[PDB]
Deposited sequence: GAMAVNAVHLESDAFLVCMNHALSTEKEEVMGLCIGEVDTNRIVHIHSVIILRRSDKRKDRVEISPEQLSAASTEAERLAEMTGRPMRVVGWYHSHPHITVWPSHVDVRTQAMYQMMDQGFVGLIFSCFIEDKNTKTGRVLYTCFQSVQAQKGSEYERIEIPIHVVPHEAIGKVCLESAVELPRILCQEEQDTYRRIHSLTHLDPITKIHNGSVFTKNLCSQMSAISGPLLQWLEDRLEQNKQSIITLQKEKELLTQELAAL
């Protein structure tokens, strides 16, 4: 079992929350660290528009990794990826599962993260936001949920 849990610091949570409400095609970059107990600490999340990473994406990631490392004193890095599900259920689409899968070909403890304000019940007057953390598992891959906590 690669990752036991994911500790998401409250500020990075609020960022994902704010974009989950956007309700509009982008993807986020989770930045933080991993400790002895296979726990992924996410201190910040940056949201921007085979495996390829644009120089625009690199500079944004590096800038926050600098700001975080300068704050904490510890070295930071990209540990996960975020995107929103405003028009579908919070669960990872089969594309997300196959995407996360090839991400794990590099970090193996890499993490998939999804927020969703979507509600199919069109008669309820009650607000809802879901957030799940997932990975991937011959033959096809499938979702495996990772416990996620907020600090």
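For this chain, the deposited residues without C-alpha positions form the stretches 1-2, 27-28, 54-60, 149-152, 167-262, given in sequence order.
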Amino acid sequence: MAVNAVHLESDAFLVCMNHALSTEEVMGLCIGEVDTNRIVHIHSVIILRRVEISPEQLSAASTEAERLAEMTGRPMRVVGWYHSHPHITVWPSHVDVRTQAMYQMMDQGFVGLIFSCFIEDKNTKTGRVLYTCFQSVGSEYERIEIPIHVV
From here on, numbers count along this sequence of modelled residues.
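Averaged over CA atoms, B-factors in the entry run higher in 53-61 than in the other of 26-34 and 53-61. Set 62-70 against 91-99 and average the Cα temperature factors; 62-70 ends up higher.
Highest CA B-factor among 113, 40, 45, 48, as stated in the entry: 48. Ranked by Cα temperature factor within the chain, residue 144 sits in the middle third according to the deposited record. Ranked by Cα temperature factor within the chain, residue 151 sits in the highest third according to the deposited record.
For residue 135, the recorded CA B-factor ranks within the lowest third of the chain. Only modelled residues enter the ranking.
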